[PDB]
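Protein chains in written order, with PDB author numbering: chain BBB, 13 to 584; chain AAA, 9 to 621; chain MMM, 1 to 135, 144 to 219, 252 to 446; chain CCC, 235 to 243; chain GGG, 357 to 388; chain DDD, 318 to 341; chain SSS, 1 to 142; chain PPP, 1 to 6.
Here a beta-carbon is modelled for each residue, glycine too, at the ideal position from N, C-alpha and C.
Structure, as structure tokens:
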Amino acid sequence: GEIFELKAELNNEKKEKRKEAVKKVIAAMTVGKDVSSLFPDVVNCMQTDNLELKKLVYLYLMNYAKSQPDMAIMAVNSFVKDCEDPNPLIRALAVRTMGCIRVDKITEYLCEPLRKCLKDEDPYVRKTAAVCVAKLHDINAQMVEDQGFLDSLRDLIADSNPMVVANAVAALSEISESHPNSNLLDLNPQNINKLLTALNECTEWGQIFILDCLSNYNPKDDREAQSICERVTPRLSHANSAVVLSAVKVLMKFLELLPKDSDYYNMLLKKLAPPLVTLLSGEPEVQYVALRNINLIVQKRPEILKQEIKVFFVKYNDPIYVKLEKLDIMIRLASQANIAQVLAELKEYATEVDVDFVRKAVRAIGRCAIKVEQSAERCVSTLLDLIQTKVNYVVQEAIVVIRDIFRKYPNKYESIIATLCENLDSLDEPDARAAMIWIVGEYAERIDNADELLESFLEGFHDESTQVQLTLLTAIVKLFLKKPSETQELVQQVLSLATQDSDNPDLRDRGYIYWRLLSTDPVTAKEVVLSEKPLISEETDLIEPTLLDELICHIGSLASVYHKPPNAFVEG
Amino acid sequence: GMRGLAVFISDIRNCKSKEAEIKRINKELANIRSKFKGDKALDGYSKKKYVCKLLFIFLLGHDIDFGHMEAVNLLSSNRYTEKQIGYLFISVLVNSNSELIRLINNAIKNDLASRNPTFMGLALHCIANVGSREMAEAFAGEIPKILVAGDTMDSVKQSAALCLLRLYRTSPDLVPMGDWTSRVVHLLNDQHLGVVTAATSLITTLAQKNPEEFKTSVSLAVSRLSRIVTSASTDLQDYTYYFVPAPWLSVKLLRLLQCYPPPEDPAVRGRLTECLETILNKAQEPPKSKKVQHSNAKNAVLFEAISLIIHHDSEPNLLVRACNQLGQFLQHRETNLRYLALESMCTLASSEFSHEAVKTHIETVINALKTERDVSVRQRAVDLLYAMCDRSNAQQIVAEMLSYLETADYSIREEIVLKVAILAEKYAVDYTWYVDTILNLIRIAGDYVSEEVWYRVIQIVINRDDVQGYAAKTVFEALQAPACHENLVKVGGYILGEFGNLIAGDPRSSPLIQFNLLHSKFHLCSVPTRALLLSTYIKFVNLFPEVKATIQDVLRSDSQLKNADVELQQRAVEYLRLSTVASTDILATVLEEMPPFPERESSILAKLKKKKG
Amino acid sequence: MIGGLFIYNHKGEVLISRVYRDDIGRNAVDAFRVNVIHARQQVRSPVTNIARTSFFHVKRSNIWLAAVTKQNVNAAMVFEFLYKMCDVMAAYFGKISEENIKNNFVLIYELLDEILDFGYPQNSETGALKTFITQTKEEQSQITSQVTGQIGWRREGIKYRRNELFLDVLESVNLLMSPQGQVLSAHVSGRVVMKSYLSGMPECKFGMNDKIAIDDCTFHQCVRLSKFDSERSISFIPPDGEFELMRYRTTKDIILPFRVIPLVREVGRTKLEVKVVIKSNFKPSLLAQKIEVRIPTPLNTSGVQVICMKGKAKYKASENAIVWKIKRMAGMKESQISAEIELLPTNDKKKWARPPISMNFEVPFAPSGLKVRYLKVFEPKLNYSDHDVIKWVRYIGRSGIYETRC
Amino acid sequence: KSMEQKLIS
Amino acid sequence: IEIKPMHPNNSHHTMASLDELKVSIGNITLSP
Amino acid sequence: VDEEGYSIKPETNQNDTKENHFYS
Amino acid sequence: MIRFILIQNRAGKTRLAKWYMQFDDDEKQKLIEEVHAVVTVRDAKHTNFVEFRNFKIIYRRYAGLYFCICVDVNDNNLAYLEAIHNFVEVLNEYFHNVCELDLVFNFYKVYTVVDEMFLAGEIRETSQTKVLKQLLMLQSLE
Amino acid sequence: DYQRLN
């Protein structure tokens with residue numbers, strides 16, 4: 013193509029014309045072009061005393077040399093001859109880079125100087141060696157002498173210089189992700205009293221390493237666990253998130269001191285609110301991460317942001333993802349006192365134009381209603397106006413609320429299905445076909461129509477939500493037990509389909525179990541299917557007790573973002 | 009030779025800024041606006057040049073909000089190059105309203121209907137270049153009449169042939185079939201081949217459904233190849249492009265013969281099969297051009313020719329000798345010619361009289377799955393392994409795709425999963441294999457294990473009495489993996505639900521032991537997955553009344569009884585009544601073996617077929 | 001930790017890409033451009049998992065900057081890193097856009113390798129990167153010990169002819185207020201942006217009205265944050281050049297410089313008649329400036345008509361909102377705008393869904409009521425002091441989000 | 235942009 | 357697409373014949 | 318930026334010291 | 001049938017966007033931006049095709065111009081590769097050893113070389129003869 | 001604009 017033009021350029025006898033060749037090779041590498049070929053011609057430039065070039069030969073080397081192990085030997089004598097250079101910034105670059113080359117022969121020529129460099133006079137080198145060990149451990153994870161580089165590493169923690177001990181701790185936690193039997197180690201009264209003390213003099217980033225480190229540690233007595241938090245508290249500021257949250261992550265773990273027990277616990281609950289809020293002032297990305305972390309912290313300890321709730325009123329030009337979190341959080345904060353202004357904001361919210369906002373915002377009333385009895389009558393009011401507006405996707409989402417409201421305030425709001433069925437227009441959202449079918453279900457005795465309604469949905473069975481399917485199975489045998497005279501031809505069909513068609517093993521088992529009950533004993537059939545179900549709980553669509561406590565122990569992390577334990581982000 | 013253009017456009021190629029074009033173009037949008045409205049009127053060059061600056065700015069991405077009707081003037085014109093810039097400005101911009109839509113299409117009506125080989129080349133082309141509904145409706149009944157071979161000049165029946173396909177594609181309803189049929193097949197016997205290339209297309213896409221009708225001139229496709237190849241060296245100078253005799257036209261014909269089966273006339277299969285062995289003998293003479301443009305078009309045909317050969321499926325001479333032909337493009341140096349020899353070898357693999365040979369090209373493909381490396385080149389090699397697989401191939405062919413799966417590109421996986429699923433079950437001497445592979449399919453993907461695949465690993469296991477006890481053990485043992493995938497639990501949860509008793513014996517899988525371990529996943533799952541487990545729970549409350557102790561105390565739990573999710577409660581309640589209120593005979597009769605699945609369509613093959621297009 | 005690091009243009013074309021882990025290949029750089037920059041559905045977040053690969057990003061001018069990682073990494077730590085990086089860049093080649101990216105493409109890579117090792121943020125500090133990244145033995149041994157020390161803000165010694173410093177008490181006033189005139193939320197978020205032109209390793213201490253009483257305040261790295269958590273001393277050896285010493289939030293007793301007062305009355309089915317009124321709220325000697333008043337319009341907006349009694353408005357369909365600009369306005373004044381809007385009934389009959397009235401504006405006081413009570417300096421080796429140190433303090437208040445429901 | 239010419243040879 | 361609403365709850369006694377059920381169950385046998 | 322050991326400062330406010338004060 | 005034929009100089013300016021389809025402006029930029037991405041990475045040892053959503057692309061690069069045809073799945077490969085080359089080789093005569101700089105100065109002149117050799121979605125005229133004739137005769141007299 | 005201080 014135009015790839016020889018280069019090989020050419022890279023040999024030209026004026027060194028500056030060679031340089032500006034590489035510069036074009038880098039550019040081509042960046043945008044995909046497989047300049048895999050030029051390897052040796054780049055490597056002929058690497059034995060050079062001009063750094064700003066050497067540097068760009070490395071940016072190249074790094075990439076291709078894993079897919080060129082053969083030739084990549086060309087480079088090794090230059091590297092090792094840099095790891096000995098009197099300039100430490102050159103040494104660190106050599107070792108930094110050679111660690112990034114992943115081919116086992118080079119791994120071996122590397123151990124020689126990475127020993128030297130872990131012990132180097134200069135700290136900027138040791139900074140690098142320390143890191144270069146995690147890199148090494150990511151291949152030849154064994155390397156036995158490199159079971160004896162874990163030795164070298166550990167000991168860097170004591171090291172004077174804070175940037176070494178930052179990269180020491182940092183490297184050494186990631187190495188500690190192989191934990192078969194005797195691992196983590198560390199974690200002693202000598203260690204921690206260094207770390208926490210270095211938690212001042214280490215950089216910004218070092219701080220997030222140490223905190224994300226300690227969060228692993230368990231203490232024993234309270235005298236200890238307190239005297240730790242007194243040295244973590246001060247993290248109140250800067251990496252206007254990272255460090256803060258990582259200190260929240262620790263502080264939140266170190267809260268076994270029983271509710272009232274001490275003057276401390278009712279103060280650390282006081283300290284935690286202000287700097288949590290402050291993350292909402294930061295840029296919209298960290299705003300998000302910290303909105304997602306509040307939403308966990310609200311469940312473990314609703315004592316902290318107990319009052320603060322005004323802080324979550326969504327603003328029109330908040331970024332949608334900040335709103336969506338602000339909404340779901342206010343609902344957790346909704347109380348006997350402030351459903352007043354909450355309900356008020358909710359109706360500001362549901363006139364927005366983002367559909368998945370408006371929705372989450374109406375769903376948010378039902379969640380509110382169900383949580384705060386006193387509201388229900390007034391909360392159910394709000395849903396009329398909204399329904400009366402005749403905007404289809406609002407209705408469709410409200411029916412979904414209206415159902416779950418019934419289940420907590422057991423029909424004293426029948427009136428509303430008449431109203432909202434003459435605003436519907438179309439019912440296309442399966443989430444909400446479910447809730448129609450199930451209402452018609454429960455109350456088939458009070459709908460002269462019901463046998464029409466549930467017939468209508470048999471027309472298109474396969475190609476409905478395996479929810480509108482499971483939910484209709486039950487809604488038609490419910491009808492059947494309630495009007496068996498005039499129905500049988502429906503359970504003829506429904507049960508037929510659920511038994512003799514469905515590829516869904518589990519809806520086939522449900523389509524038998526009903527067919528069996530009816531067929532074997534109808535007195536049991538009725539006393540099972542129509543058995544009196546308790547009322548649903550006021551909750552605010554919650555997280556599972558320990559699944560929470562796991563996340564709480566992941567508060568800076570990506571886990572706290574997605575709200576799913578690690579094991580939905582893969583092993584390397 | 010407009011200087012208004014070549015000045016303005018010479019400013020933009022002299023530019024060295026992206027916000028400097030925002031100066032020079034938005035000066036030329038403020039320039040042309042002053043022209044039409046206000047001051048005198050200039051026509052000829054002035055309505056031609058101060059519009060060609062608005063078709064050239066809309067291919068640099070800027071707003072044509074001020075200027076269109078200026079150019080709806082050029083349509084009802086005199087000259088040839090004063091309309092051309094009007095029918096490349098209602099071809100790149102159908103206006104913003106339905107305003108001009110009645111003023112556009114009576115400055116077309118007067119131009120189609122004006123007997124003219126120049127001013128029909130602009131006016132039928134625009135209906136085939138836009139393909140609008142207004143542009144379609146009113147000129148529906150029109151187009152059939154023009155095309156009839158007779159009076160309208162040659163290179164206009166082209167512009168109607170490929171406006172009645174556009175319109176038949178946009179508006180098929182406004183094109184039902186009259187008797188212009190018999191004269192359109194008549195076009196195949198033409199002198200102007202630009203018309204035949206335009207009509208061989210139109211005879212296809214319409215009579216894709218039925219060439220039995222159009223058949224006649226089927227045969228006479230041959231005549232325009234065999235007599236320009238077999239005898240002389242470098243034949244008639246018309247289309248002798250890179251020594252290949254008029255290519256991009258024998259593809260359109262061999263591709264009209266691929267609609268409905270081989271020809272019934274015993275002489276027309278004796279003329280066709282003779283001609284097929286002209287193309288299998290254009291590719292038994294070496295490269296008489298070193299540059300790639302030749303073998304391309306020699307094979308552009310030879311492929312479409314092979315594409316028919318298979319579609320016929322009737323000539324096991326031309327089958328097992330055409331696959332030995334595609335089995336010399338696998339090792340070839342080009343990646344295109346190997347790639348296509350995996351795109352097309354694909355098709356053969358399932359025809360009785362060809363397969364046995366195809367099957368014996370395997371290692372070449374495996375060790376080309378394990379080579380070229382560029383997703384697509386290996387991807388297509390799976391599709392072939394996948395086609396060639398029979399009982400012989402499988403175990404290797406499965407473990408091979410299993411290997412590909414890990415490394416292979418997220419963006420499909422399922423693709424491969426669906427295949428391995430289908431193959432495993434479709435060729436399993438022993439079914440203890442079938443289970444182990446579908447479990448792998450959950451270890452390796454799992455996130456790509458599909459819906460219907462894990463349905464089918466149950467359907468089949470509640471059809472086979474030999475595996476049940478094995479499935480039970482193996483599934484059980486998978487689930488004490490502390491980080492098992494959801495779709496294991498959806499399976500292993502139904503599996504012990506039916507066959508947990510065939511493992512109850514083992515002291516490390518007693519019903520307490522089993523239940524307790526399923527509930528170790530209950531809190532970590534999706535509602536639906538929990539809804540299943542509840543059935544597996546109440547089933548257990550029958551299999552083993554040892555544990556009806558604990559399983560009730562789970563069903564009563566606030567957590568389950570008071571759930572916000574309909575089913576998750578519907579069930580927990582129902583299941584508890586059965587647990588409490590339902591005989592012992594009634595509960596045992598109701599939680600019976602669950603009948604075998606009836607043999608049926610296999611809705612896996614139905615989803616692979618739905619992944620395409 | 002951080003796996004990859006990718007910049008692109010508005011077009012989804014790659015500008016710089018540096019991968020730090022085998023975890024991550026082309027596969028990813030591709031699978032962002034596809035799934036994020038050319039994505040069909042736009043409703044989304046800044047973090048994005050794709051096939052158990054996570055994809056953090058930020059945009060600036062027309063640019064995308066993505067981090068990638070195959071881990072459960074400290075999410076914050078990334079975005080904050082992304083930010084510090086973007087600071088480094090702009091503060092090396094001015095303005096973060098495709099021209100200045102491609103033009104310093106080496107300087108970037110050169111920096112990307114220094115600032116990030118194996119995905120671990122190293123030394124993001126521009127005030128150190130500039131001692132050995134360019135736009144003797146004891147001479148390197150310093151340039152290193154400085155980089156890795158506890159200070160990394162200050163090149164040692166290098167000093168000014170007169171010891172000087174400036175303080176911008178920039179503030180931004182956030183408000184939500186119902187169409188009645190009732191303050192629902194309202195807070196001030198402000199920041200004290202020093203400009204230390206001091207000489208040597210100048211120790212410093214900073215006071216204000218710490219008792252106006254501040255709801256919470258976060259610092260830069262340079263403030264001795266335990267000295268602050270014992271006493272309330274903001275002690276810090278500062279960076280040289282400009283740098284953001286603290287941010288603070290203030291909720292109570294707030295000089296809300298403008299009351300929007302909207303008054304809409306549709307006249308039947310087709311005529312809509314809108315009257316917004318400003319009321320400035322500070323010392324009348326002072327004048328607020330750069331005043332914008334976004335007055336949003338219906339979506340069935342045929343009509344574009346306005347008469348304003350001050351400033352100069354200009355309707356913008358696409359924006360679907362009036363934008364009305366007042367050159368300057370002194371404290372404790374009034375001002376109107378008026379409009380007449382034509383309604384061609386678009387869909388069925390939704391009663392139009394009215395956004396609020398948002399306002400940008402500058403005013404030259406601290407709406408928080410924050411005032412800088414002192415700023416101590418001290419260099420024990422090179423003996424200078426206050427009484428030969430210049431000082432300076434400004435006070436600027438932008439809007440933030442100044443929303444007023446209508 | 236720069237000078238470009240020739241799609242042959 | 358048709359649509360309907362709901363009566364109120366009964367209070368006491370007009371009961372449902374089990375025979376109606378058993379009759380209507382007896383009749384039903386299932387499809388392909 | 319440097320020039321000869323000292324550092325420079327961008328501005329056109331110009332130098333303003335004690336400004337009509339004392340050291341009393 | 002063909003979804004569209006593109007050309008794009010290496011640098012990614014659109015120098016021929018033909019739409020035989022009801023695409024949207026957001027779905028036109030995306031595939032123009034996209035096509036480029038898949039194509040301006042691939043050397044001479046990959047297949048000159050490649051799937052592209054539910055269709056595929058045929059393409060060749062002539063020094064510094066990226067000609068592509070997004071065709072149907074079943075539409076012939078080596079037959080649409082030439083359809084570019086034999087479309088190229090008609091541009092080669094009409095503009096006299098064509099470049100890029102012509103395809104712009106003469107930007108309203110290859111639409112006529114297009115519409116001639118392809119229309120509606122399929123090929124129309126494939127003689128380097130009847131082509132070059134209907135061009136220069138349409139020109140010489142107006 | 002900037003006002004001297006202590």
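For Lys45 (chain SSS), the nearest beta carbon of chain MMM is not closer than 7 Å to its own beta carbon. Near chain BBB, meaning a CB-to-CB distance below 7 Å, the residues of the segment 172-184 of chain MMM are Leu184. Closest option to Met399 (chain MMM), judged by alpha-carbon separation, among MMM:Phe283, MMM:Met85, MMM:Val181: MMM:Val181.
Chain SSS has a Cβ within less than 7 Å of the Cβ of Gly44 (chain BBB). With 16 or more other CB atoms across the displayed protein chains lying within 10 angstroms of its CB, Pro297 (chain MMM) is buried. The closest CA to that of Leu267 (chain BBB), considering only BBB:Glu236, BBB:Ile306, BBB:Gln408, BBB:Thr290, is found on BBB:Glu236. Boundaries of the beta strand (DSSP E) around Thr444 (chain MMM): 442-444.
Taking the Cβ atoms as the reference, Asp246 (chain AAA) lies roughly 14 Å from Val237 (chain AAA), outside the contact range of under 8 Å. For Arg368 (chain MMM), the enclosing beta strand (DSSP E) begins and ends at 361-370.
Here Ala115 (chain AAA) is buried, its C-beta having at least 16 other C-beta atoms within 10 Å. Of the residues BBB:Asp275, BBB:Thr511, BBB:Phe161, the one whose Cα lies closest to the Cα of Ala183 (chain BBB) is BBB:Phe161. In the structure shown, the three-state DSSP call for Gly437 (chain MMM) is strand. Here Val68 (chain MMM) is near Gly4 (chain MMM), since their CB atoms are less than 7 Å apart.
With distances taken between CA atoms, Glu157 (chain BBB) lies nearest to BBB:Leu122 out of BBB:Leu168, BBB:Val137, BBB:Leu122. Of the candidates SSS:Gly121, SSS:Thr112, SSS:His96, SSS:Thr112 places its Cα closest to the Cα of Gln134 (chain SSS).
Distance from the CA atom of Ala106 (chain BBB) to the CA atom of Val88 (chain BBB), rounded to whole angstroms, is 10 Å.
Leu540 (chain AAA) and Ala590 (chain AAA) have their alpha carbons spaced roughly 21 Å apart. Uninterrupted alpha helix (DSSP H) stretches at least 4 residues long and entirely within the segment 264-291 of chain AAA occur at 276-287, given in chain order.
In chain order, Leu410, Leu413, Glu414 place their CB closer than 7 Å to the CB of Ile452 (chain AAA), counting only its own chain and leaving out the 5 sequence neighbours on each side.
Around the beta carbon of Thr394 (chain BBB), 16 or more other beta carbons lie within 10 angstroms, which makes this residue buried.
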